Structures are given as structure tokens and as C-alpha cells.
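> Just passing along the structure, written as C-alpha cells.
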Amino acid sequence: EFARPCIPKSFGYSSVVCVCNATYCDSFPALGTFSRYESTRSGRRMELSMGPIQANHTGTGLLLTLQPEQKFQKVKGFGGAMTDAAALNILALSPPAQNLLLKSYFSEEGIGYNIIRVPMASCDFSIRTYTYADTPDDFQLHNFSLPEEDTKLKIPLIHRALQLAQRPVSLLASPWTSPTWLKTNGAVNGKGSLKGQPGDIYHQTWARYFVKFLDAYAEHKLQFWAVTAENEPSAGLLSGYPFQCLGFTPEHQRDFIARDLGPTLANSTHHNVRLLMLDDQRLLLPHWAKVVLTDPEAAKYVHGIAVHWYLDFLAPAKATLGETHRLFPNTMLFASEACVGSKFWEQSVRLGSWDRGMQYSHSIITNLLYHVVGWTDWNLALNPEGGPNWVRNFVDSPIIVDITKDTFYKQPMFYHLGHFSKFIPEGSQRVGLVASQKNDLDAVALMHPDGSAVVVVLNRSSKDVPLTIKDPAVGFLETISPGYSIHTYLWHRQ
Ligand SMILES: *[C@@H]1O[C@H](CO)[C@@H](O[C@@H]2O[C@H](CO)[C@@H](O[C@@H]3O[C@H](CO)[C@@H](O)[C@H](O)[C@@H]3O)[C@H](O)[C@H]2NC(C)=O)[C@H](O[C@@H]2O[C@@H](C)[C@@H](O)[C@@H](O)[C@@H]2O)[C@H]1NC(C)=O
Ligand SMILES: *[C@H]1[C@H](O)[C@H](O)[C@@H](O)[C@H](O)[C@H]1O
């Protein structure tokens, strides 16, 4: 289509949102030039410009030098979660407005997401508590079934998303709680775990539940890339935990995967589905990786390690991600859940917040710089309150839906995310990037599967920083990174 620009609107915070409705939504180099996409606090939204690649460079300004031969992880991708709350919000819009929201995310005219996390039954971003097997003591799982949250809300929206998408989309599933008749405390929330011990009928049934969920989704012609072994297993170890959870120590998780979940999936028609362990705060690394992955019976089933961002302030990426990679380089690290406005003192939704967009890109760049292969936002959309949410655990979302007005707002988080998701396709590989002097920039460089280069530069300071990027193959890009800007640079080195 033609590029339609952002309709900006201010809500009194540091930047603007882009206004989208039933009929309007904003949407989207020759050798040897580069493309630059820029977003700024002042209001630019992924604006395209071009520049020449020079042969020479002189000066003592900041130089960032690509090391195309230092090769690191391959990227799996970027996306968000299709919760009950996200489905209810999107379906609240008229169908044309719904198409423009899905296109914003999934289409090539939008920012190209290729990952969708799907909860297995209810979480806090549900308006009802339920599992797929609520009939008590149904150990055979005869009464297992998907309710309308799945069959009328989530499943059809995931289908629209795959139809709009240019890139292959990977589905990732995670459970919050099991049926309560499987749990020590008999409740969806609170402190409690599976009854018994791995290897027994409870653990066997819980592993069969995963296969039943996959069978059920496959009947609706949806197939999964990966499942996690539990969302935030540490939560269910905490007294009074307020919403759906299921606690595992790392030993409990090791032995569940070894004796029940890994063999159950390996013996099912879904043996190709990857299993991710942890799915919890990175400060749990490297300890959890060492407990699970040094048992060869558990390690043979574990494809990767899922991390969440909520305690990153306590957990230096080098001592957590870097050290895990050093010990277990062949087990991919993947960021599976992030959102702002989740601390009890923070405002849930701050329409137009630039700070919250910068938190997203700063996290993404730091994760890429420490071997992480992908990054998943939480709810795809929320209402202006940051809900619905059965326990009022409201948070922020890159897209806020205003149903009484059939309109949605794209926040700075949406664009900060798009500066990566749009321009780093599955298969791209991170390469070296070194700075000539101390600076306030955050930057990462990658190579696309066709060998072209992509560099994202975030300026977290208020000062404009002139800089040059050196590609030792090709030449020099002379540029400036304005204070509170994010830029993505692209060029063919072919
Ligand atoms: C969906 O969102 C679009 C984009 O904002 C709305 O269309 C826009 O309406 C604007 C104001 O209503 C128009 O801009 C104005 O231009 C006029 C003269 O041309 C000036 O008097 C004024 O100062 C404004 O700047 C503009 O035509 C249009 N914007 C774009 C870029 O398309 C739209 O509103 C619905 O259609 C438009 C064309 C208006 O006439 C509305 O009143 C109309 O109901 C939004 N749709 C809905 C349902 O609100
Ligand atoms: C991750 C975060 O705690 C988020 O706020 C919460 O809503 C999810 O349920 C949890 O898994």
C-alpha cells in the first residue's frame, strides 16, 4: 500500500501515540547507499531517509566498527502474547479496525512479528478462571476440552494473524496452572505444586495434558514451534501468590522433564515441538540451567531456556545470560515475557510514554548482546486501564484499544519493538561491534540471511551524538544519533 503517516496525539506524557481507527492506520537501498529508519521523542515514527556509504573517514569522533567475521547467535524472532485479554480487546473493535491492528503487527506493511505466545488456559489476563480439565479426578482426561476463549476468541485471531503475515509465524505455548485436583493446595493460585513426585500418576497426567492441548490446537489446524515447561515456576513457591501459578524448584522441574514431560512429547505425534525450560527471571541463571542440564536424562529433551525481564535490575546480563551461554552454549536463550507498568507503584498505562519505549529497546539490545535469540512482549493489546485482568494486575501494552470509540493507539513501545522486529528476520545472525571510545549509545549489529547488514542504535541520553559506522568490507556511514532517538541502519554489503 502507500505509506500513511502517524496521526499523533498527546496525553500529557513525554511523547505521542499514533491514532488508528476503522479506516486509517499508519503504515510503511540502492548500492552503495544506506537506509536509516528513525524514531524520536519529538514525534518521528520509523521515518525513512538515505545516505551514501563513503570510502574514507577522518576525525576523532565516535566510530562504531562492525566485525562481520565475529559471529554469534542466530535470531529466532519477535512477537507478543495472544492472551484472553488481548483477544477480547481486539474483537471489541469493528472488523476493519481489527484488520488494521493485526496488520500493524503481523504484516509487511506493519512491523513483521513472527512469534505468538499462547497461554494454555487462563492466566491473570483472563476474565474467568478455568483449565481445560476442570472435572475433578479426571486422570484419563476424558473431559479435556477447549472452551470458547480458545475456539471463538484466540484460535480465530491467530488464524487471521497467520493469513496477514509474510513471514512464517512460530507459536509458543505456556501453562500458568494445572487443574486444581492435581495440586497440593487445591486452588489455581497461592503456594502449591503438583501432588506426588515426578514419575507418578499426577505428573503423568499433567504431561498428557500438554499432548491433549497440542492435539486440540492441531484439530484447529494450528501447530506449535515450542512449549515452556511452566510459566514462572518460581511463583507457585510463594505464599499467597495472587494469580494462576504452579510451583517447581529447579530439581522438581529437572525430574518432571526427565521422567514425564520430555518422554510424553517425544512419544506423541508432536515430537518435533521444542521444549523450553525455566520461563522465569534471569537471576535464576545460571543455577537453574546447571540443575536441569547437567542431568543427561533431562538435558536430552531441553531445546532452550526462556527468560523474563522483571528482576533484570538485580541481575547483570553478563553474570546471568553470559555465564549460561559460556556453560551451555548449545542451549538457546530466549526472552519470553516483558511488560512495563507491572510494579505496584507504577501507573499501569502511560499513553505516549517515550521512557517506556526506551525500556523495551534497551532490554532488546542488551539481550541480543548476551546471546538471546528472541524477544517476546506480553499482551498484544489492552484497554486504557491495562486490563481486563481478574486480579487487577493491570500493566501497559504497545497497543491500547478504546472500544467506545472504535480506535486504538500505537505507543512508543510499538515502534521501539518494530525497529528490531521489522528489520531482523528469523535466521539473522549477530556479529561483532566495537566502539572507539566510551559513549552513551546502545547498539547492536547483525547480518541478514542474504548477508546484508542491520545496526540498531539507541541514544538513551539527551545529547545529540555524531558518529560514524565502519563496515571493513564496504565503507563508512557518517550519521548523528539525536538525544532520545532510536535508529535502525540497513545496507547491502554485497
Ligand atoms: C479515522 O481517522 C482519520 C484520520 O484521522 C479521520 O479522518 C481525518 O479527518 C480529519 C479531521 O476530521 C481530516 O483532517 C481535517 O482536514 C479538514 C479539511 O480537509 C480541516 O478542516 C481540519 O482542520 C483537519 O485537519 C482528514 O480529512 C482525515 N485525515 C486523514 C489524514 O484522512 C477519520 O474521520 C472520518 O473521516 C474523515 C475524512 C473526517 O471527515 C471525519 O470527520 C470522519 O468522520 C477517522 N474516522 C472516524 C470514524 O473518526
Ligand atoms: C509475567 C508478568 O508477571 C506479567 O505481569 C504477568 O501478567 C504474567 O501473568 C506473568 O507470567
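A note on labels: chains of the C-alpha cells are A, B, ... as shown, every chain counts residues from 1, and ligands are counted from 1 in their shown order.
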I'd like a table as a tab-separated table: residues in chain A with an atom no more than 6 Å from ligand 1, each row giving the shortest atom pair and its distance in Å to one decimal, only C-alpha atoms and all ligand atoms counted, sorted by chain and rising residue number.


residue	atom	partner	partner_atom_place_in_ligand_line	distance
A:21	CA	ligand 1	1 (C)	4.9
A:23	CA	ligand 1	1 (C)	5.5
A:24	CA	ligand 1	1 (C)	5.1

> Please, which residues have at least one atom within 9 Å of an atom of ligand 2, using only C-alpha atoms and all ligand atoms, listed as a CSV table (one decimal) with N, CA and C atoms, in the first residue's frame?


chain,number,residue,atom,x,y,z
A,123,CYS,N,-4.9,-17.2,32.7
A,123,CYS,CA,-3.9,-16.5,33.5
A,123,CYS,C,-4.5,-15.3,34.2
A,124,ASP,N,-3.7,-14.4,34.6
A,124,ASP,CA,-4.3,-13.1,35.2
A,124,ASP,C,-5.0,-12.3,34.2
A,125,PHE,N,-4.5,-12.3,32.9
A,125,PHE,CA,-5.1,-11.6,31.8
A,125,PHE,C,-6.2,-12.5,31.1
A,176,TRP,N,0.0,-21.6,33.0
A,176,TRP,CA,0.1,-20.9,34.3
A,176,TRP,C,-0.2,-21.9,35.4
A,231,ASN,N,4.9,-21.5,33.0
A,231,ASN,CA,5.2,-20.1,33.2
A,231,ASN,C,5.7,-19.7,34.6
A,232,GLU,N,6.9,-19.1,34.7
A,232,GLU,CA,7.3,-18.7,36.1
A,232,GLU,C,7.1,-19.7,37.2
A,235,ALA,N,6.8,-18.7,41.0
A,235,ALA,CA,5.7,-18.0,41.6
A,235,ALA,C,4.9,-18.9,42.5
A,243,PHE,N,-2.3,-14.9,41.5
A,243,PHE,CA,-3.0,-15.5,40.4
A,243,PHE,C,-2.4,-16.8,40.0
A,244,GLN,N,-2.9,-17.4,38.9
A,244,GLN,CA,-2.6,-18.8,38.5
A,244,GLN,C,-1.1,-19.0,38.4
A,245,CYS,N,-0.7,-20.1,39.0
A,245,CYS,CA,0.7,-20.5,39.1
A,245,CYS,C,0.8,-22.0,39.5
A,279,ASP,N,11.5,-20.3,31.9
A,279,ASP,CA,10.4,-19.4,31.6
A,279,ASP,C,10.2,-18.5,32.9
A,280,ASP,N,11.3,-17.9,33.4
A,280,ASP,CA,11.3,-17.2,34.7
A,280,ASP,C,12.4,-16.2,34.7
A,308,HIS,N,12.4,-14.1,31.6
A,308,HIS,CA,11.5,-12.9,31.8
A,308,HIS,C,12.3,-11.8,32.4
A,309,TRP,N,11.9,-10.6,32.2
A,309,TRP,CA,12.7,-9.4,32.4
A,309,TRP,C,12.5,-8.7,33.8
A,310,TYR,N,11.6,-9.2,34.7
A,310,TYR,CA,11.1,-8.4,35.8
A,310,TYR,C,12.0,-8.1,36.9
A,337,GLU,N,8.8,-13.1,28.0
A,337,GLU,CA,7.8,-12.2,28.6
A,337,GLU,C,8.4,-10.9,29.2
A,338,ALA,N,7.8,-9.8,28.7
A,338,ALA,CA,8.2,-8.5,29.3
A,338,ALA,C,7.0,-7.5,29.2
A,339,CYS,N,6.8,-6.6,30.2
A,339,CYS,CA,5.9,-5.5,30.1
A,339,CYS,C,6.3,-4.5,31.1
A,340,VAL,N,6.0,-3.2,30.8
A,340,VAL,CA,6.1,-2.2,31.8
A,340,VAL,C,4.8,-1.9,32.6
A,341,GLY,N,4.9,-1.1,33.6
A,341,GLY,CA,3.7,-0.8,34.4
A,341,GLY,C,3.3,-1.9,35.4
A,342,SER,N,4.1,-2.9,35.6
A,342,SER,CA,3.8,-4.1,36.4
A,342,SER,C,4.3,-3.9,37.9
A,343,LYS,N,5.0,-2.8,38.3
A,343,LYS,CA,5.3,-2.6,39.7
A,343,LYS,C,4.2,-1.9,40.4
A,378,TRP,N,4.4,-9.1,26.2
A,378,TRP,CA,3.3,-9.8,26.8
A,378,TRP,C,2.1,-9.4,25.9
A,379,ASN,N,1.0,-9.0,26.6
A,379,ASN,CA,-0.3,-8.8,25.9
A,379,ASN,C,-0.2,-7.9,24.6
A,389,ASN,N,-8.4,-8.0,33.7
A,389,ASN,CA,-7.5,-8.8,34.4
A,389,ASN,C,-8.2,-9.2,35.7
A,393,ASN,N,-4.2,-7.0,38.1
A,393,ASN,CA,-2.8,-6.9,37.9
A,393,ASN,C,-2.5,-6.1,36.5
A,394,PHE,N,-3.1,-4.9,36.3
A,394,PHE,CA,-3.0,-4.1,35.1
A,394,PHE,C,-1.6,-3.7,34.7
A,395,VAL,N,-1.3,-3.7,33.4
A,395,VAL,CA,0.0,-3.3,33.1
A,395,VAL,C,-0.2,-2.5,31.8

> From a backbone DSSP assignment, name each residue in range 44-191 of chain A labelled strand (DSSP E), as a ChimeraX atom specification.

/A:47-52,62-74,77-81,115-120,170-175

> Write the residues you've just listed into a file as a compact mmCIF listing (two decimals), in the first residue's frame, and include C-alpha atoms for each of them.


# COMPACT_ATOMS: atom_id res chain seq x y z
CA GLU A 47 10.91 7.72 9.21
CA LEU A 48 12.99 6.54 6.20
CA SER A 49 15.97 8.50 4.94
CA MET A 50 19.12 7.64 2.96
CA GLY A 51 22.75 8.31 2.91
CA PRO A 52 25.90 7.48 0.98
CA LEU A 62 32.88 8.21 17.97
CA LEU A 63 33.44 5.31 15.49
CA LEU A 64 31.47 2.02 15.73
CA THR A 65 33.27 -0.78 13.78
CA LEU A 66 31.50 -3.86 12.53
CA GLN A 67 33.35 -7.18 12.92
CA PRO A 68 31.42 -9.23 10.37
CA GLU A 69 33.59 -12.25 10.99
CA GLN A 70 32.83 -12.43 14.76
CA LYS A 71 29.60 -14.43 14.53
CA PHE A 72 27.24 -15.10 17.47
CA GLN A 73 23.66 -16.40 17.82
CA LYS A 74 21.05 -16.78 15.14
CA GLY A 77 12.32 -13.72 16.21
CA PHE A 78 10.00 -11.22 17.97
CA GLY A 79 6.38 -11.10 18.86
CA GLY A 80 3.80 -10.82 21.66
CA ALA A 81 1.16 -12.76 23.56
CA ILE A 115 6.09 -15.13 17.29
CA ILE A 116 2.86 -15.54 19.21
CA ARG A 117 2.82 -16.79 22.81
CA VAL A 118 -0.39 -18.61 23.69
CA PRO A 119 -1.32 -19.32 27.32
CA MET A 120 -2.64 -22.80 27.89
CA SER A 170 6.04 -19.52 15.40
CA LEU A 171 3.55 -20.34 18.15
CA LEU A 172 4.89 -20.73 21.72
CA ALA A 173 2.60 -22.21 24.44
CA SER A 174 2.91 -21.89 28.25
CA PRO A 175 0.66 -23.01 31.10

> Pick from A:287, A:362, A:405, A:470: nearest to residue 58 in chain A, with only C-alpha atoms counted?

A:470

> Between A:494, A:413, A:307, A:435, which is the closest to residue 448 in chain A once you count only C-alpha atoms?

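For residue 448 in chain A, the nearest of the candidates is A:494.
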